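Taking the form solved without this ligand, here's one chain by itself in structure tokens.
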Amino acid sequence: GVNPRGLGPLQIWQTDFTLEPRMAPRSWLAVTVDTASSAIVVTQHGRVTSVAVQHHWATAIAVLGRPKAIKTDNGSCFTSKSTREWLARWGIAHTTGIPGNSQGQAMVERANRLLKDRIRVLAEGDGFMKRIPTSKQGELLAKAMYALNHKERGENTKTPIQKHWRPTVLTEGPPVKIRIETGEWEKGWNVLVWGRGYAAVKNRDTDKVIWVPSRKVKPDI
């Protein structure tokens, strides 16, 4: 249940590498998403390396501030003594899951899709149904980052950038009931975040926070 999802900005980040053929020859995009505000940072790289990753996070930090922890996968660029020491110097905790849709890399997985679609739209919009000219990649990538952060993601009233600097973080949370394994509804929990997919619930007696499927929680009354 300790899913990598922060309750507020700068608590938990998810970083990843995604290939975008449209941006070749340097088609590697390093992507990071603040699991709480959902804002994202992307940089272009010609190769998946520890050096690239370090350069990438330094950029994200410059943009979003210093996070408390970053979740990634077992990739060598993340587990290298070099990066491990880099994180340590920045005082940023690190956790590695596994390359996939495993609880700990899903949010950044979706961020890749979003980023990729935005790119395809700006690419075809400029007539580049194929590879984007090398000299127009930077700007186009920035245009994408801009759109994704400085413009609500539809269902949301507020934009990511809005959620990042001026977040809403409840101090207590209304009481709820969660459907325990037995399929029975249990009292004693309060919800702090209730998304379409997942809800964050804290235990009233242990102050433990866990994320559960939104349909396993209902108002307590």
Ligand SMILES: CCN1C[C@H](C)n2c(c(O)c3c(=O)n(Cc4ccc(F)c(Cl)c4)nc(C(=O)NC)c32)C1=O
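Position 1 is the first residue in the sequence shown; the rest follow in order.
Peer 1: What stretch has the higher average Cα B-factor here, 210-218 or 1-9?
Peer 2: Between 1-9 and 210-218, it is 1-9 that shows the higher mean C-alpha B-factor.
Peer 1: Report the stretch with the higher mean CA temperature factor, choosing between 118-126 and 96-104 on the basis of the entry.
Peer 2: Higher mean C-alpha B-factor in the PDB entry: 96-104.
Peer 1: At the C-alpha atoms, which of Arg179, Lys68, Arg26, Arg166 reaches the highest B-factor in this entry?
Peer 2: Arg179 has the highest C-alpha B-factor of those listed.
Peer 1: In terms of CA temperature factor as recorded, identify the highest of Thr59, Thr157, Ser50, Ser38.
Peer 2: Highest C-alpha B-factor among the listed residues goes to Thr157.
Peer 1: Considering every modelled residue of the chain and its Cα B-factor in the PDB entry, is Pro133 in the lowest, middle or highest third?
Peer 2: Highest third - that is where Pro133 ends up once the chain's C-alpha B-factors are sorted.
Peer 1: Report the third (lowest, middle or highest) to which the CA temperature factor of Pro174 belongs, ranking only the modelled residues of the same chain.
Peer 2: Ranked within chain, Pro174 CA B lands in the lowest tercile.
We do not show the form deposited with this ligand bound, though everything after this point is about it.
Peer 1: Taking the pose of this ligand in the deposited complex and superimposing the site C-alphas, would you call this form open or blocked (blocked if 3 or more ligand atoms are within 2.4 Å of a backbone or C-beta atom)?
Peer 2: Blocked, going by where this ligand lands after superposition on the site C-alphas.
Peer 1: Is there a heavy atom of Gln103 lying 4.5 Å or less from a heavy atom of this ligand in the deposited complex?
Peer 2: Yes, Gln103 sits close enough to this ligand in the deposited complex that at least one of its heavy atoms falls within 4.5 Å.
Peer 1: According to a 4.5 angstroms non-hydrogen atom cut-off, is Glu20 in contact with this ligand in the deposited complex?
Peer 2: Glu20: no contact with this ligand in the deposited complex.
Peer 1: How about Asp126 - does it come within 4.5 Å of this ligand in the deposited complex, if we only consider non-hydrogen atoms?
Peer 2: No, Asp126 stays farther than 4.5 Å from this ligand in the deposited complex.
Peer 1: Within 4.5 Å of this ligand in the deposited complex, counting heavy atoms only, one of 103-111, 142-150, 87-95, 126-134 shows up; tell me which.
Peer 2: Stretch 103-111 is the one.
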